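Notes follow once the structure below has been shown.
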Amino acid sequence: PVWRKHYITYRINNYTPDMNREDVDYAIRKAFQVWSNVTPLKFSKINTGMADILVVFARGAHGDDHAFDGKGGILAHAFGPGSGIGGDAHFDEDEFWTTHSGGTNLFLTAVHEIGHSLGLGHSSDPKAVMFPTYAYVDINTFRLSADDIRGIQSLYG
Ligand SMILES: COc1ccc(-c2ccc(Sc3ccccc3[C@H](CCC(=O)O)C(=O)O)cc2)cc1
Ligand SMILES: [Ca+2]
Ligand SMILES: [Ca+2]
Ligand SMILES: [Ca+2]
Ligand SMILES: [Zn+2]
Ligand SMILES: [Zn+2]
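The entry's author numbering puts the first residue of the sequence shown at 107, with every later residue one more than the last.
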């Protein structure tokens, strides 16, 4: 499935204590911008009511039958487009979420997870943001790969 509308809302359910709130907000907002910059999708943050994409920070078992695993390993996960838990993006609180160095970069991970929230799978290109393995890349030069663009535009272009 894909989202069958182009105005998509998100809501931050709770904040990781790893980062200042402003920096969580900014990383998430910029991550959505990565995908709206190459599609007709528009994303809006809401602060009450039910959003399409709920952003959650949780550790271990957190009520969706896909428990996290402590620091390392699975860093986050997200559900594909749909009602309810569909679209929601969960970040493992046992990671150390960061803006610049150390830990696991929240912006880069959110770009990957929102990709899943929108319906993308994984890429075989190590340069793709949808590559299955996280690695820190220079955020100043960050750019979707041709494969990422092809994938998202096949769904929403
Ligand atoms: C800059 O380029 C980047 C490239 C990749 C990433 C990146 C990759 C992976 C995760 S999370 C993860 C880690 C290990 C196994 C499984 C998962 C879940 C699936 C979990 C499940 O299936 O239960 C998933 O792939 O979303 C987060 C971020 C980020 C940036
Ligand atoms: Ca983990
Ligand atoms: Ca949802
Ligand atoms: Ca943490
Ligand atoms: Zn979850
Ligand atoms: Zn993934």
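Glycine included, each C-beta is placed from N, C-alpha and C at the ideal position.
Asked	Found
Separation of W109 from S251, as counted between CA atoms	22 Å
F213 in three-state terms, based on DSSP	helix
For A184, the three-state DSSP class (helix, strand or coil)	strand
Sufficient close CB pairs (3 or more, under 8 Å) joining the stretch 145-161 to the stretch 116-130	yes
Span of the beta strand (DSSP E), counted from its first residue to its last, around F197	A195 to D198
Cβ distance (whole Å) where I191 is taken to contact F185 below 8 Å	5 Å
Distance, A167 Cα to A137 Cα	25 Å
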